[PDB]
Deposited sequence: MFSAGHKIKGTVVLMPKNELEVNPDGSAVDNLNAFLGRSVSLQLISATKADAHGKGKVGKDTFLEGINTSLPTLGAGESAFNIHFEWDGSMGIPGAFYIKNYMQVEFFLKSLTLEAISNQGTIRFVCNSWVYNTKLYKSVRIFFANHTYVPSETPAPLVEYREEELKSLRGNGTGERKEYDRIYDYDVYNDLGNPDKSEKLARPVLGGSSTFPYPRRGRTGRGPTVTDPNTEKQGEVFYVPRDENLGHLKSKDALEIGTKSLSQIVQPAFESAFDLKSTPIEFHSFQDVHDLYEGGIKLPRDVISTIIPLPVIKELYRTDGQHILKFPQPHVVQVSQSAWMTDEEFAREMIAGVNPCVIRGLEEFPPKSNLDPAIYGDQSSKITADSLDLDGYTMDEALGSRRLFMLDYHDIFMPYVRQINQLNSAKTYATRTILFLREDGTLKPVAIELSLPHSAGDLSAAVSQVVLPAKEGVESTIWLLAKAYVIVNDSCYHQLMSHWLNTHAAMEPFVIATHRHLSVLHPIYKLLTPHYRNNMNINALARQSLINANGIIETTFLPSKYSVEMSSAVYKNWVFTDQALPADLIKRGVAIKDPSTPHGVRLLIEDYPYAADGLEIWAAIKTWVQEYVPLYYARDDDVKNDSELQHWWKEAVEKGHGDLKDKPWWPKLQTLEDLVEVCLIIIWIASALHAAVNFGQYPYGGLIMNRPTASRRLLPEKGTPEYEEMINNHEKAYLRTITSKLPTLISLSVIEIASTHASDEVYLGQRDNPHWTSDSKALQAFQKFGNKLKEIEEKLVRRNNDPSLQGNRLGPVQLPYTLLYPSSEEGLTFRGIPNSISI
């Protein structure tokens, strides 16, 4: 009556960022739980404590850091078929359980458990850790002897909403963004609570429970570690893959070290020519020994720079200068990066002229554009013909920036304009910028037109920089932080609270959450906190995160679907005669054209997976875990917007498909497209400035004369200063790196995630289509008719939506999740 089992675990030291015999004896007990035989109270019968017997060295399938143990369970004919197990760790040190495999049992001959969980000493847990077999069950199909265990494990994951969360807790719950300020250190570091009001609505984040500050009971006190539920806090076999901790080290160690060197006046405070900037990746920058000594031993940080270990630090050469050092300065590239750059999804089509503002004129005055139709060079078209043939588009930030420019322009080292850019689609299918409008409140507007000669060519170059400062802010805080990182976290929380590990939709979605809560927590601690990396390098300083709350007011879940976005922005129209059901108005638009192929692939996968478990609309309605999950994700997780009419109701098969498709799209391809191009395009600070420090010089001043004689200096005085540049380059270099243990779209981290062979086959064909799509995109980049937008004058093929990637700074590869 003995069942042979194999346990696979990883000792803690393998996964730490920096013998086996101790696991034998009576150090680790497992008890099997019956799926088919119940006790008096209807719960599956539990077997006896069984201990690890010996090491299994002759297991061929083991990966790095993994060890296997033999175990034998006495299990007689009264016990039935195992469907779960308890495990108790009596050691003092936690370990990472991977799997349990039982042999020669059940009609399938083998029962597989995939656990991937941290198991601490049984004393630290209020209830015993339980793990289920790899079957998939909607709630009403749960074997009756497991139903109660399923419900109790979910209760355990929800907690009660009280207490300070400890490292070993696995408790998922919501709180507002009240942990970014630090008013107990200084009132200067006070920040508004984001979330829970109509003024400052925001997605919720993971609750940590550290308790209130003394100066403000609405704000959470600081802590050395921002808690995440334990199995969200990913360990890695290689310390260099722990990218998420780099922002912490950059903020706490590296940044102070850089600041010291500059205050020392050992390095010049400012760039004085463009060559000073290019030197950063050619010969490097000389810094004091003390400062280099702080970098070279730090894991993760030590990979960002070449160094001789004493005085020289050198950044990698950014892709956007790999061929032409100057091409970024062309109007062609400026426009091309709005459809193929780091932030390719804000441009809008223009259907009337001039553009209008929606801001209240009683407060802001007339905000109607001062651009005149007759002033534009539209390659011979008239305005009427350009409008009617859908060849006018705008990159418009006026209404986003104008209600904040007064507050920003009062900061010491910040000056900005609210901008509008007009773009004309030429006959060759490339976009041409034809006007920039620079606005100030109280409104004052200057229109700048393209010029290649004279003083007006410098005013135009600077005007482009003010536009890109707007765009960089919007990219970092809205396109990137708000729309991917922050919008996704509530869905992660709700999924673990309300869908069992056994649930088919849990298995569909959870790979697309990998590392998301982890990076978000570390970001709240060191990236978007008061005086953190964003606040000290990007234009809006202390207003940065609140701006993203102002924009979240206009966030609509169903408008995150790629076809809906394209139609909403007026760059595509509905067309059922086309493959994707939408016709692009910029035909070669590289982000959208490739993205539609990825979107369609995900859609087929979701459409082939969901019907395996839901045959009719009523099955969706009658899934209580699914209904509670969606109710809480809307009413709590995105609860400041719970009264909007556009939320799906989750009453049909079609709704469930669309809800899961949008979530997967956001976590994978959308985040990839806006994230992994940051250093390739923005590693040159002149191409993607993060801040502007002055307004345009007035005629008759020294600054204006400087413009005439020394345009490179005029440009550098206006954009990001040298010291914040070094910090921002470092953080976007981290963000643009693929860890070697990344899981890419089309892959999973274990081949036994379900026992359902039909789901496995559907997942196999998904991965097969992704390979077909990659070949198609490779062909697009080699098509000479598409070079103008897919490569441009920088000659940088658009690879950001290729599915697969090796490790490193590759400018390709779509991860499953928001993992950095």
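- Gaps between the deposited sequence and the modelled coordinates occur at 1 to 5, 24 to 30, 455 to 461, listed in sequence order.
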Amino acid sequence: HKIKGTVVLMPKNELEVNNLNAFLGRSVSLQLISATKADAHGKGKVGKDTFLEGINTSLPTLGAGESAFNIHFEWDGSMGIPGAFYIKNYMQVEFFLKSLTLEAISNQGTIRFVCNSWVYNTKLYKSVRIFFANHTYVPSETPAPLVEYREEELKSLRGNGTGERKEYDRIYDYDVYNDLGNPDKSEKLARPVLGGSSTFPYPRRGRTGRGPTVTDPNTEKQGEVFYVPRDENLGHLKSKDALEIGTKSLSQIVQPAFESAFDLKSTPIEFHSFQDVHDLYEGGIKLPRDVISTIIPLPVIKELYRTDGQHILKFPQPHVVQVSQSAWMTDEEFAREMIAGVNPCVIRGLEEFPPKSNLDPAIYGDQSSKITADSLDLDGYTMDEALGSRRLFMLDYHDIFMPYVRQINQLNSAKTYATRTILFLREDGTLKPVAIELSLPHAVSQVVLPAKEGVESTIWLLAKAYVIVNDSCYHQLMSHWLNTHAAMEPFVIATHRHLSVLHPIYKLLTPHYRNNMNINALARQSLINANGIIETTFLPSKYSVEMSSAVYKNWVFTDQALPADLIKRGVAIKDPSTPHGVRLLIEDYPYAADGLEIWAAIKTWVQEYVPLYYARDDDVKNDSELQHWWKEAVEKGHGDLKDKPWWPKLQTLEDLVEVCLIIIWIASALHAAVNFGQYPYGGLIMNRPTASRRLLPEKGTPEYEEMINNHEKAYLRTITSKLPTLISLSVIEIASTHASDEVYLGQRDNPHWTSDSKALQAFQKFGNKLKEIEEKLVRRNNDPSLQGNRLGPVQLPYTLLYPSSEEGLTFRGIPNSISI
From here on, numbers count along this sequence of modelled residues.
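- Averaged over CA atoms, B-factors in the entry run higher in 633 to 641 than in the other of 508 to 516 and 633 to 641.
- Legend: mean Cα B-factor per stretch from the PDB entry, 338 to 346 versus 185 to 193; the higher mean is in 185 to 193.
- Residue set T536, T247, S721, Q317: peak C-alpha B-factor at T247 (per PDB entry).
- Set against one another, the Cα B-factors of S324, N470, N483, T213 in the record reach their highest point at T213.
- In this PDB entry, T199 carries a Cα temperature factor that places it within the middle third of its chain's modelled residues.
- In the PDB entry, a CA B factor belonging to the lowest third of its chain's modelled residues is recorded for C660.
- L801 sits in the lowest third of its chain by CA B factor, as recorded in the PDB entry.
- Ranked by Cα temperature factor within the chain, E437 sits in the lowest third according to the deposited record.
- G284: CA B factor lies in the highest third for its chain, per the PDB record.
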